[PDB]
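**Q** Mind looking over this structure? Questions follow.
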2 protein chains.
Amino acid sequence: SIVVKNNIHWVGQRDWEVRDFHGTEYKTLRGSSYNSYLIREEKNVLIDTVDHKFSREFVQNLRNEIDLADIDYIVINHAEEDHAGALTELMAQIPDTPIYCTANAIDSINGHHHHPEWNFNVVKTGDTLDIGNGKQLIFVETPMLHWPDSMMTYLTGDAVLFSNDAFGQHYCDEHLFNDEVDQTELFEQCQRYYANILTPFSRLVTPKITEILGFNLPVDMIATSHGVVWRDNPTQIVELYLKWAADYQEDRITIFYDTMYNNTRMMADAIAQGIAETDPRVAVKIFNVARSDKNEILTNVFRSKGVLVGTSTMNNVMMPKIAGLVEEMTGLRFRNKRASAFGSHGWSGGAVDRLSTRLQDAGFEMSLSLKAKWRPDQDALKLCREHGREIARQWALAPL
Amino acid sequence: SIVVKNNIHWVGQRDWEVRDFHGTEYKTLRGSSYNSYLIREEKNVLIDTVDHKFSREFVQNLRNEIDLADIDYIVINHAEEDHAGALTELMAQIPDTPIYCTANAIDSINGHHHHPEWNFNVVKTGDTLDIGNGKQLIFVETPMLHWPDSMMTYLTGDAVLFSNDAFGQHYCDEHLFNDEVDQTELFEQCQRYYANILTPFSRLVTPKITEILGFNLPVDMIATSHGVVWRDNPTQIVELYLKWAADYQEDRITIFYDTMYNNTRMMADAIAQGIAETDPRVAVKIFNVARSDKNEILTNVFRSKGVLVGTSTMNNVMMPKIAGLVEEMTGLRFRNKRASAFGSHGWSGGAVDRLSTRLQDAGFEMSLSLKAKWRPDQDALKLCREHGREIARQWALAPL
Ligand SMILES: Cc1cc2nc3c(=O)[nH]c(=O)nc-3n(C[C@H](O)[C@H](O)[C@H](O)COP(=O)(O)O)c2cc1C
Ligand SMILES: Cc1cc2nc3c(=O)[nH]c(=O)nc-3n(C[C@H](O)[C@H](O)[C@H](O)COP(=O)(O)O)c2cc1C
Ligand SMILES: [Fe+3]
Ligand SMILES: [Fe+3]
Ligand SMILES: [O]
Ligand SMILES: [O]
């Protein structure tokens, strides 16, 4: 274990190896950690657990810290596999230990573990749990941030906000605190996490933060369920979350596509040239969805004012990886972003129009599409380059 | 080179390494070959070329066989990259050599190579090209089998049908003829090819074969553009194509899904049990689309009377790999097949209904969906098992 502050002990698990989250839809290229906390005051309180893969390690490590029978309360901020996976193993040893969680958490905990006989205590925003020595826990409901059952737990005196998933990131490191790790890598993992997971709930982020700020609770540390404990200027990640939630965009355009004979790739590169020579302020990124990291593509979409998506026509429809990515973007609900579909075809085509419609269905404001037949010659490449110019002029944040 | 028959020389290229075709949408697990043929009678005729990766090897190997200036005619059955990729390199040495192809091939050849100054000769069904010694080429147009430009070339006397893509397969072997290779592996690669490439054009296969049969042309060998030369009972692959084109299905059900916490997987396995204990005649296959070979999944769909597709709800939509696969199936146009969508959800769900609709859009006859919340308990697994029973009864090819 590691001392977070005073009697707050980190009893979690580092994961140097993990690469796949949520099936294979989130790639953790820098590993992750599953943060669990044991508070030892007059009462002993366990906050969350860890991923099911480390269930036996978690309980054994917990035994080394404390007699399991001496644990008074268990707090479940969020009943996802990677935080509540070792719960069954733990409750098998101490089945009478009370669990404090939201009403929705009773449904999600019972939904996986199938042990409704456990002693649940529904908490709502403002509810308190005294743990002695003048300290108490204050619970804050945060539904759909990012699950119906989600909440945060605040510890008075020590002024530590146990935020669970919120403000966390998938970043594995031997050091626990934010000021002890690589700042660039930390930011990248934080932004990657928000972009790929929290984007659809951005409308809920600012009101909830505003609500919490109204509570006037001092914050010395933010202890999340993933990655570092924020202790040095801890509200920096809160400020980032406020920025990211406001339909975030930079002067940036992301271009991605799939291609069978590189015809659409040729179009994509020419489009990029047209943009770059029209608006020097715009940053451009290009990805082949079949050869690139999907989560990196989505992080760039999140960062972009607009996107261009390319596909050739394959059996009268679009290429499947493009269809898959557009479906996923539809779920993420990007806002105030623009889009244009492009691609090559052999005869009757149709995938470009089909893609433009689905981009619109995903919530993008659509500009005109760009089409070409077979491999673009010099004349066709000029048209693609002109398309990039036209797009750059239209999507300009400012004149010229 | 290798002697196919008499003065017909195989001047193609084996590809032991290739794993990706059409971007990454076709996995060639047993490599492939690109078959090109040089006929040396009174006239010298080159039939097709090879993939662009082996362009320099192709021309050099061709030089070792014949003075390039002595090549009289070039026949392009089909102007796809993997057959016309070395054409530019070749025509750079012999630019005056006439090219015989369909009208649509002029558009596809010029579409990639951008050399309209080449000497094209449009051929249509029944047209002939005398090459001396009492032998002639007879051309047969086969539009949308599988490209607009596609055709076949028949050589009289030797009775060899140069079928290009048709009846071919991605199977790399040192031996050239069908009777010299592993028969099981040959069948598997043949069926994999038809299922993943030719399925949407099945309605065109039987009429074209019937037309060709009416020509009463003797067939000693079928020399395709991929894999083996059919010399021993060569029409066996034609008979397979007739079977496969007739909305082919076996008493088989394919189940595939994606899952984040294995909840949908649990449903899939229970569904399979219900099927197996209801109808012993049905063969069942189960795939996780994120962990399986996509082309194998599609080959099984092709072989199946029906499918069940699983997804959990992810940000109010379906999992992207499932969305991608359903798009691809929409393009393949499977016929006379049934489907049922299933999956787990956390709260409001919606992906199962969404998937059922898109399966219907893909052309499947839909049965009722199966839904469950979080991880299925014993009661829920009984319902899933009952769903498999109900599906097995409904999709029964015969009573009981
Ligand atoms: C398997 C396959 C299916 C195709 N289906 C269509 C089609 O349905 N309609 C069409 O216009 N072109 C079709 N084409 C032609 C491609 O769209 C054309 O080659 C395009 O220029 C390739 O673009 P890309 O290199 O970006 O993949 C198909 C090509 C392949 C290889
Ligand atoms: C990233 C993520 C997003 C989710 N979005 C939804 C949703 O929008 N609606 C819903 O009902 N459940 C949602 N869920 C809950 C899952 O559908 C639920 O956990 C389901 O039982 C998982 O099924 P699986 O194990 O087959 O993936 C979401 C879960 C995750 C991890
Ligand atoms: Fe988490
Ligand atoms: Fe081919
Ligand atoms: O999580
Ligand atoms: O091909």
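We name chains A, B, ... following the order of the structure tokens; residues begin at 1 in each chain, and ligands are numbered from 1 as shown.
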Collect all residues with atoms no farther than 8 Å from ligand 6, counting only C-alpha atoms and all ligand atoms, and output them as a PDB file with N, CA and C atoms, in the first residue's frame.

**A**
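Written file, selection24.pdb:
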```pdb
ATOM      1  N   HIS B  78      -9.847  -8.535 -67.128  1.00  0.00           N
ATOM      2  CA  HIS B  78     -10.300  -7.833 -65.944  1.00  0.00           C
ATOM      3  C   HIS B  78      -9.178  -6.925 -65.462  1.00  0.00           C
ATOM      4  N   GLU B  80      -8.341  -5.254 -62.680  1.00  0.00           N
ATOM      5  CA  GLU B  80      -8.115  -4.998 -61.265  1.00  0.00           C
ATOM      6  C   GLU B  80      -6.618  -4.978 -60.991  1.00  0.00           C
ATOM      7  N   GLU B  81      -6.223  -4.209 -59.977  1.00  0.00           N
ATOM      8  CA  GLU B  81      -4.833  -4.097 -59.522  1.00  0.00           C
ATOM      9  C   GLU B  81      -4.038  -5.401 -59.562  1.00  0.00           C
ATOM     10  N   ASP B  82      -4.652  -6.489 -59.105  1.00  0.00           N
ATOM     11  CA  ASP B  82      -3.935  -7.747 -58.917  1.00  0.00           C
ATOM     12  C   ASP B  82      -3.830  -8.549 -60.208  1.00  0.00           C
ATOM     13  N   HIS B  83      -4.301  -7.969 -61.305  1.00  0.00           N
ATOM     14  CA  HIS B  83      -4.208  -8.616 -62.608  1.00  0.00           C
ATOM     15  C   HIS B  83      -3.692  -7.651 -63.665  1.00  0.00           C
ATOM     16  N   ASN B 164     -10.313 -15.911 -65.559  1.00  0.00           N
ATOM     17  CA  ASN B 164      -9.889 -14.846 -64.654  1.00  0.00           C
ATOM     18  C   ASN B 164     -10.342 -15.164 -63.220  1.00  0.00           C
ATOM     19  N   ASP B 165     -10.993 -14.218 -62.543  1.00  0.00           N
ATOM     20  CA  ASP B 165     -11.383 -14.405 -61.138  1.00  0.00           C
ATOM     21  C   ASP B 165     -12.332 -15.584 -60.914  1.00  0.00           C
ATOM     22  N   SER B 225      -7.375 -16.836 -62.683  1.00  0.00           N
ATOM     23  CA  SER B 225      -6.358 -15.840 -62.377  1.00  0.00           C
ATOM     24  C   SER B 225      -5.780 -16.028 -60.976  1.00  0.00           C
TER      25      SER B 225
END
```

**Q** Counting only C-alpha atoms, which residues of chain A come no farther than 7 Å from chain B, as a list in words?

**A**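 Matching residues, ligands excluded from the count: residues 22, 23, 111, 112, 259, 260, 315, 316, 317, 320, 321, 323, 324, 325, 327, 328, 331, 332, 374 and 375 of chain A.
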
**Q** Please, could you write that set of residues out with N, CA, C and O atoms as an mmCIF file, in the first residue's frame?

**A**
```
data_model
loop_
_atom_site.group_PDB
_atom_site.id
_atom_site.type_symbol
_atom_site.label_atom_id
_atom_site.label_comp_id
_atom_site.auth_asym_id
_atom_site.auth_seq_id
_atom_site.Cartn_x
_atom_site.Cartn_y
_atom_site.Cartn_z
ATOM 1 N N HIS A 22 -13.186 -2.266 -22.353
ATOM 2 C CA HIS A 22 -14.512 -2.315 -22.978
ATOM 3 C C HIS A 22 -14.509 -3.175 -24.237
ATOM 4 O O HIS A 22 -14.815 -2.695 -25.330
ATOM 5 N N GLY A 23 -14.165 -4.448 -24.075
ATOM 6 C CA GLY A 23 -13.937 -5.321 -25.210
ATOM 7 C C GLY A 23 -12.576 -4.974 -25.779
ATOM 8 O O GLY A 23 -11.550 -5.242 -25.154
ATOM 9 N N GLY A 111 -26.945 -6.626 -10.421
ATOM 10 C CA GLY A 111 -26.983 -7.023 -11.818
ATOM 11 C C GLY A 111 -25.827 -7.911 -12.236
ATOM 12 O O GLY A 111 -25.978 -8.770 -13.110
ATOM 13 N N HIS A 112 -24.671 -7.726 -11.612
ATOM 14 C CA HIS A 112 -23.519 -8.560 -11.930
ATOM 15 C C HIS A 112 -23.278 -9.645 -10.885
ATOM 16 O O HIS A 112 -23.081 -10.810 -11.228
ATOM 17 N N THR A 259 -9.214 2.494 -47.466
ATOM 18 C CA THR A 259 -8.990 2.426 -48.901
ATOM 19 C C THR A 259 -8.522 1.036 -49.321
ATOM 20 O O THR A 259 -7.850 0.339 -48.563
ATOM 21 N N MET A 260 -8.890 0.626 -50.530
ATOM 22 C CA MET A 260 -8.524 -0.700 -51.008
ATOM 23 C C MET A 260 -7.350 -0.629 -51.988
ATOM 24 O O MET A 260 -6.490 -1.514 -52.001
ATOM 25 N N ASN A 315 -19.290 -3.002 -52.818
ATOM 26 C CA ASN A 315 -20.580 -3.676 -52.941
ATOM 27 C C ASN A 315 -21.737 -2.725 -52.630
ATOM 28 O O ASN A 315 -22.593 -3.026 -51.798
ATOM 29 N N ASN A 316 -21.719 -1.563 -53.280
ATOM 30 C CA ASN A 316 -22.757 -0.535 -53.145
ATOM 31 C C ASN A 316 -22.856 0.129 -51.764
ATOM 32 O O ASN A 316 -23.681 1.018 -51.570
ATOM 33 N N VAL A 317 -22.028 -0.290 -50.811
ATOM 34 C CA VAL A 317 -22.041 0.334 -49.486
ATOM 35 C C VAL A 317 -20.655 0.870 -49.132
ATOM 36 O O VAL A 317 -19.750 0.863 -49.963
ATOM 37 N N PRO A 320 -16.535 -1.264 -44.165
ATOM 38 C CA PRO A 320 -17.064 -1.613 -42.837
ATOM 39 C C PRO A 320 -16.393 -0.892 -41.665
ATOM 40 O O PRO A 320 -17.083 -0.534 -40.720
ATOM 41 N N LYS A 321 -15.081 -0.695 -41.710
ATOM 42 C CA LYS A 321 -14.406 0.001 -40.618
ATOM 43 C C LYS A 321 -14.873 1.453 -40.516
ATOM 44 O O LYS A 321 -14.951 2.007 -39.426
ATOM 45 N N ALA A 323 -17.971 2.426 -41.502
ATOM 46 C CA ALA A 323 -19.319 2.281 -40.960
ATOM 47 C C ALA A 323 -19.282 2.091 -39.447
ATOM 48 O O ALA A 323 -20.098 2.662 -38.721
ATOM 49 N N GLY A 324 -18.323 1.299 -38.974
ATOM 50 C CA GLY A 324 -18.173 1.063 -37.550
ATOM 51 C C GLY A 324 -17.791 2.322 -36.795
ATOM 52 O O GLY A 324 -18.321 2.601 -35.722
ATOM 53 N N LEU A 325 -16.864 3.087 -37.360
ATOM 54 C CA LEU A 325 -16.382 4.296 -36.705
ATOM 55 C C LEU A 325 -17.472 5.369 -36.653
ATOM 56 O O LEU A 325 -17.564 6.114 -35.680
ATOM 57 N N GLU A 327 -20.723 4.771 -36.566
ATOM 58 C CA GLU A 327 -21.634 4.310 -35.523
ATOM 59 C C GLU A 327 -21.129 4.725 -34.139
ATOM 60 O O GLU A 327 -21.891 5.231 -33.307
ATOM 61 N N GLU A 328 -19.840 4.515 -33.897
ATOM 62 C CA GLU A 328 -19.255 4.860 -32.607
ATOM 63 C C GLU A 328 -19.302 6.366 -32.381
ATOM 64 O O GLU A 328 -19.578 6.822 -31.277
ATOM 65 N N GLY A 331 -22.639 7.503 -31.206
ATOM 66 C CA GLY A 331 -22.829 7.323 -29.779
ATOM 67 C C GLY A 331 -22.120 8.371 -28.933
ATOM 68 O O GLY A 331 -22.594 8.724 -27.854
ATOM 69 N N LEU A 332 -20.982 8.870 -29.413
ATOM 70 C CA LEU A 332 -20.185 9.833 -28.646
ATOM 71 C C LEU A 332 -20.770 11.243 -28.653
ATOM 72 O O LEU A 332 -20.412 12.064 -27.812
ATOM 73 N N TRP A 374 -12.156 5.886 -59.991
ATOM 74 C CA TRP A 374 -10.909 5.124 -60.018
ATOM 75 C C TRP A 374 -9.758 5.920 -59.396
ATOM 76 O O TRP A 374 -9.934 6.581 -58.369
ATOM 77 N N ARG A 375 -8.583 5.854 -60.015
ATOM 78 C CA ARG A 375 -7.435 6.602 -59.521
ATOM 79 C C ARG A 375 -7.439 8.018 -60.078
ATOM 80 O O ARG A 375 -7.477 8.212 -61.294
#
```

**Q** Could you list, as a PyMOL selection string, all protein and nucleic acid residues with an atom at most 12 Å from ligand 3, counting only C-alpha atoms and all ligand atoms?

**A** chain A and resi 21-22+26+32-36+48-51+77-85+145-147+150+163-170+193-194+197-198+224-227

**Q** Excluding residue 127 in chain B and residues on its chain fewer than 5 positions from it, collect all residues at most 8 Å away from it, counting only C-alpha atoms, and give them as a compact mmCIF listing (two decimals) with N, CA and C atoms, in the first residue's frame.

**A**
```
# COMPACT_ATOMS: atom_id res chain seq x y z
N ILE B 138 -11.94 -17.15 -78.24
CA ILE B 138 -13.33 -16.71 -78.25
C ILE B 138 -13.62 -15.97 -76.94
N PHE B 139 -14.10 -14.74 -77.05
CA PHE B 139 -14.32 -13.92 -75.86
C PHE B 139 -15.76 -14.04 -75.35
N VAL B 140 -15.91 -14.03 -74.03
CA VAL B 140 -17.23 -14.09 -73.40
C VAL B 140 -17.37 -13.00 -72.34
```

**Q** With distances taken over only C-alpha atoms and all ligand atoms, which residue among A:269, A:334, A:297, A:282 lies nearest ligand 1?

**A**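 Checking each candidate against ligand 1, we get A:269 as the closest.
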
**Q** Residues at most 10 Å from residue 276 in chain A, counting only C-alpha atoms, excluding those fewer than 6 positions away in the same chain, as a list in words?

**A** residues 270, 282, 283, 284, 385, 388, 389 and 392 of chain A

**Q** For ligand 2, which residue among A:161, A:223, A:352, A:144 is the nearest when counting only C-alpha atoms and all ligand atoms?

**A** A:144

**Q** For the atom pair CA of residue 289 in chain A and CA of residue 349 in chain B, what is the interatomic distance in Å to one decimal place?

**A**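 Result for CA of residue 289 in chain A versus CA of residue 349 in chain B: 27.5 Å, one decimal.
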
**Q** Just want the 12 Å neighbourhood of residue 215 in chain A, counted on only C-alpha atoms, with same-chain residues fewer than 3 positions away dropped. Output as a PDB file with C-alpha atoms, in the first residue's frame.

**A**
```
ATOM      1  CA  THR A 125     -26.207  14.018  -2.449  1.00  0.00           C
ATOM      2  CA  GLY A 126     -25.467  15.667   0.884  1.00  0.00           C
ATOM      3  CA  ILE A 138     -20.053  13.391   2.184  1.00  0.00           C
ATOM      4  CA  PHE A 139     -21.644  11.707  -0.830  1.00  0.00           C
ATOM      5  CA  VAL A 140     -22.342  13.410  -4.166  1.00  0.00           C
ATOM      6  CA  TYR A 154     -15.750  13.605  -0.145  1.00  0.00           C
ATOM      7  CA  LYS A 208     -22.520  18.945 -11.853  1.00  0.00           C
ATOM      8  CA  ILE A 209     -19.206  20.740 -11.322  1.00  0.00           C
ATOM      9  CA  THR A 210     -21.086  23.991 -10.697  1.00  0.00           C
ATOM     10  CA  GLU A 211     -23.271  22.164  -8.165  1.00  0.00           C
ATOM     11  CA  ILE A 212     -20.243  20.729  -6.365  1.00  0.00           C
ATOM     12  CA  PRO A 218     -12.019  22.567   0.152  1.00  0.00           C
ATOM     13  CA  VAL A 219     -10.013  20.219  -2.056  1.00  0.00           C
TER      14      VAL A 219
END
```

**Q** Neighbours of residue 130 in chain A within 12 Å (only C-alpha atoms; same-chain residues fewer than 2 positions away dropped), as an mmCIF file with N, CA, C and O atoms, in the first residue's frame?

**A**
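Output saved as around35.cif:
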```cif
data_model
loop_
_atom_site.group_PDB
_atom_site.id
_atom_site.type_symbol
_atom_site.label_atom_id
_atom_site.label_comp_id
_atom_site.auth_asym_id
_atom_site.auth_seq_id
_atom_site.Cartn_x
_atom_site.Cartn_y
_atom_site.Cartn_z
ATOM 1 N N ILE A 39 -9.498 4.009 4.441
ATOM 2 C CA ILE A 39 -9.392 5.103 5.400
ATOM 3 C C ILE A 39 -9.497 4.569 6.827
ATOM 4 O O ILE A 39 -10.478 3.915 7.181
ATOM 5 N N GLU A 41 -9.750 5.766 10.404
ATOM 6 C CA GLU A 41 -9.985 6.697 11.500
ATOM 7 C C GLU A 41 -10.559 5.937 12.692
ATOM 8 O O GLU A 41 -10.036 4.886 13.063
ATOM 9 N N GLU A 42 -11.617 6.459 13.304
ATOM 10 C CA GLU A 42 -12.315 5.690 14.329
ATOM 11 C C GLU A 42 -13.056 4.537 13.654
ATOM 12 O O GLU A 42 -13.114 3.426 14.181
ATOM 13 N N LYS A 43 -13.613 4.813 12.477
ATOM 14 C CA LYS A 43 -14.174 3.768 11.629
ATOM 15 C C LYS A 43 -13.201 3.463 10.497
ATOM 16 O O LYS A 43 -12.431 4.329 10.084
ATOM 17 N N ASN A 44 -13.236 2.233 9.998
ATOM 18 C CA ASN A 44 -12.413 1.862 8.857
ATOM 19 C C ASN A 44 -13.274 1.739 7.606
ATOM 20 O O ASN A 44 -14.238 0.970 7.578
ATOM 21 N N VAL A 45 -12.930 2.503 6.576
ATOM 22 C CA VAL A 45 -13.741 2.560 5.364
ATOM 23 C C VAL A 45 -12.967 2.188 4.106
ATOM 24 O O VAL A 45 -11.929 2.778 3.806
ATOM 25 N N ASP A 72 -15.246 -1.416 8.618
ATOM 26 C CA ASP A 72 -16.588 -1.056 9.062
ATOM 27 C C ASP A 72 -17.540 -0.803 7.903
ATOM 28 O O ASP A 72 -18.650 -1.333 7.879
ATOM 29 N N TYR A 73 -17.110 0.023 6.956
ATOM 30 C CA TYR A 73 -17.957 0.400 5.832
ATOM 31 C C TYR A 73 -17.250 0.206 4.497
ATOM 32 O O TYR A 73 -16.034 0.378 4.392
ATOM 33 N N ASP A 127 -25.762 13.469 1.873
ATOM 34 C CA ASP A 127 -25.744 12.501 2.966
ATOM 35 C C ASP A 127 -24.340 12.368 3.540
ATOM 36 O O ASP A 127 -23.352 12.493 2.819
ATOM 37 N N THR A 128 -24.260 12.101 4.839
ATOM 38 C CA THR A 128 -22.979 12.010 5.522
ATOM 39 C C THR A 128 -22.778 10.673 6.224
ATOM 40 O O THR A 128 -23.739 9.979 6.566
ATOM 41 N N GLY A 132 -15.374 9.349 12.598
ATOM 42 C CA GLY A 132 -14.668 9.675 13.823
ATOM 43 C C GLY A 132 -13.548 10.679 13.657
ATOM 44 O O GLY A 132 -13.207 11.076 12.539
ATOM 45 N N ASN A 133 -12.976 11.085 14.787
ATOM 46 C CA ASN A 133 -11.895 12.061 14.825
ATOM 47 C C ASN A 133 -12.264 13.349 14.089
ATOM 48 O O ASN A 133 -11.417 13.984 13.461
ATOM 49 N N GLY A 134 -13.537 13.720 14.172
ATOM 50 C CA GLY A 134 -14.014 14.958 13.584
ATOM 51 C C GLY A 134 -14.133 14.925 12.074
ATOM 52 O O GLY A 134 -14.336 15.963 11.445
ATOM 53 N N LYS A 135 -14.001 13.739 11.488
ATOM 54 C CA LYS A 135 -14.063 13.591 10.037
ATOM 55 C C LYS A 135 -15.309 12.832 9.594
ATOM 56 O O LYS A 135 -15.793 11.944 10.299
ATOM 57 N N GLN A 136 -15.824 13.179 8.420
ATOM 58 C CA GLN A 136 -16.980 12.483 7.874
ATOM 59 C C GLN A 136 -16.907 12.392 6.355
ATOM 60 O O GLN A 136 -16.204 13.168 5.704
ATOM 61 N N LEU A 137 -17.625 11.423 5.801
ATOM 62 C CA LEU A 137 -17.757 11.302 4.360
ATOM 63 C C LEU A 137 -19.009 12.032 3.904
ATOM 64 O O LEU A 137 -20.051 11.954 4.553
ATOM 65 N N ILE A 138 -18.898 12.754 2.797
ATOM 66 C CA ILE A 138 -20.053 13.391 2.184
ATOM 67 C C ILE A 138 -20.224 12.853 0.768
ATOM 68 O O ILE A 138 -19.299 12.913 -0.039
ATOM 69 N N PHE A 139 -21.405 12.329 0.468
ATOM 70 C CA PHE A 139 -21.644 11.707 -0.830
ATOM 71 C C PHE A 139 -22.244 12.689 -1.833
ATOM 72 O O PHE A 139 -23.045 13.550 -1.471
ATOM 73 N N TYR A 154 -16.654 12.586 -0.669
ATOM 74 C CA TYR A 154 -15.750 13.605 -0.145
ATOM 75 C C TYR A 154 -15.427 13.350 1.325
ATOM 76 O O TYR A 154 -16.318 13.078 2.127
ATOM 77 N N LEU A 155 -14.143 13.428 1.666
ATOM 78 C CA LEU A 155 -13.694 13.265 3.044
ATOM 79 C C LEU A 155 -13.316 14.613 3.644
ATOM 80 O O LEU A 155 -12.382 15.264 3.171
ATOM 81 N N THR A 156 -14.037 15.029 4.680
ATOM 82 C CA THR A 156 -13.781 16.319 5.317
ATOM 83 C C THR A 156 -12.488 16.300 6.126
ATOM 84 O O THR A 156 -11.976 15.234 6.474
ATOM 85 N N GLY A 157 -11.970 17.486 6.428
ATOM 86 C CA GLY A 157 -10.720 17.602 7.159
ATOM 87 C C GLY A 157 -9.536 17.369 6.241
ATOM 88 O O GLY A 157 -8.752 18.281 5.969
#
```
